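Shown next are two forms of a single protein chain, provided one at a time as structure tokens under the names structure 1 and structure 2.
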Structure 1
């Protein structure tokens, strides 16, 4: 293994310097802290997506996050999760190391694009939610939570295959959080304001939201702010008891909810008109306020809505992930050096 030959061009207003294996680069939109180009890879013969990070080491927080993202992508080997075909830098030494490029298989679109242009049949929804859940079982088994499941974060292709991306990258103390508007719509009530008490089933709430939207074409709870969001949610699931309501509300929001009459539980079969009774039933197990009674990814996969796909011996869990780095405090150049190590130690898929 010697250094490949690289070539340069300008895409999205920077110089992209990539191995000559990647041809026909085409900008196909932003990624998390980066931008993405589609390409053909002469080496595997696949169409791929290449993400170049935007100023990966511009602060300590950014550098760590660059490290976190690389470590996550390297760990994930699962058909319904984005993984790495390649990671490269044009740098020949740590002393010149500035840029990180990540490569995975090309997916044609995201579920935002699909929901906004096309009606989905109950069969589509079955296979799509199944893949989300299959992927999520695997992520959750490595003690990672996605935290931001929404349609734009679910990549799809022409054969209705799906991969989860942008898992576990953001934290709620991050500034200029992009995507925050859409993220609210899909977020579990218990973490809408603080994160002092939650579990991995925050992600299953988001799945419930996405599923409803794939079935109907419409965003289930498109709130304008924390009070509005809560009101929209309670209008469907019903106003809970006083102890639970306190766990999911600010004092202000709680006061707004209580200035209105108690809302009863709606029967989901009278909301989602025309739906598969089994689709309705699973939604009822996903969109529940009590997170200790919300269904897990593993349990959801055995739900009868997924009878045509479910298979316990073909729904794998992950190798154990070392998140000890998360507790560290390092300077830009130290996170950089760690990220460099990870770039250099990468071993590609066999193909």
Structure 2
């Protein structure tokens, strides 16, 4: 067990191993507090997240366990990884606090798509890396569910990592009105049409790719209904085959109240883009999720010919998510979490 030291940072007690020095606050939220630090063991400028009220309810205890399981599993160059996890507790009986440690991220995609000139070669490399990371995530039967520019970290060398997986955390208020939290979401999840699956993430990649090519949000809706009208004007209204897959009768009645519209010509929307980029966007931005291109299929598209290497696009180890259907007490979720903190092994 390392030696721990205590300090107060913006109204909060932090108790951390001596290895972590020069702690300085970075962010605050409902789910945790974050400090930057220097890790003397590794030499990395690390990010440290302290969880708030991790075991306050059954829902909160299960979310803590879910986040720790997911983040310990993810071992890929284009995905967030865990450098460390710890608690100052010496036993289950005194266990209350959980701290998570990652590499400190600088810029997000927003910080390079807002203010920088992107060549077609930059768009190829950035979207290639997102799809490489998604092939790995989807091979474990994990859905990210919240891909958007603020959840993609990018360094000075245009190297990219996916972060901030959806832990089923977003509220109705967060998704309301003229908000980036909804502009990248697939229409079937935005409007609760049907059981969604991993195809929702490919819709989000299409929205991101379009915005890197134009410098403008693809579907900046002022509310759910405005955003659906923007989507159907580009991709066309649904045919009988998709309407049959929408489970809500009222959602089906509403769609049928709209005048029919054909799919637009994407070469006339993405004026002057690489024809291979236009082709790939037509394969991602398909209304019927069964018909969208997958991450593994997209990596083999001719748009990525200068980067694609089928011997350097790894899949994940199998991921057991059977706990998601399990009914447990707060103290049972807390014991499961404790076992996962104490069994952690750091990366090489």
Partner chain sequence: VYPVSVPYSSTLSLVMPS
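Numbering follows the first chain given and starts at 1. Heads up, when I say rigid core I mean the largest set of C-alphas that superpose within 1.5 Å between the two forms.
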property	result
Structure number, where the criterion is the form solved without the partner chain	2
Moved residue between structure 1 and structure 2 - picked from 232, 120, 145, 85, where its Cα shifts 2 angstroms or more relative to the rigid core	120
Core-aligned C-alpha movement of residue 316 between structure 1 and structure 2, 2 Å or more	no
Displaced residue check between structure 1 and structure 2: residue 297, CA, 2 Å or over, core reference	no
Large Cα shift (2 Å or above) at residue 44 between structure 1 and structure 2, core-fitted	no
Cα displacement of residue 180 between structure 1 and structure 2, once the rigid core is superposed (Å)	10.3
Value in Å for the CA shift of residue 132 between structure 1 and structure 2, taken after the core is superposed	0.7
Core-aligned CA shift between structure 1 and structure 2 for residue 17 (Å)	1.5
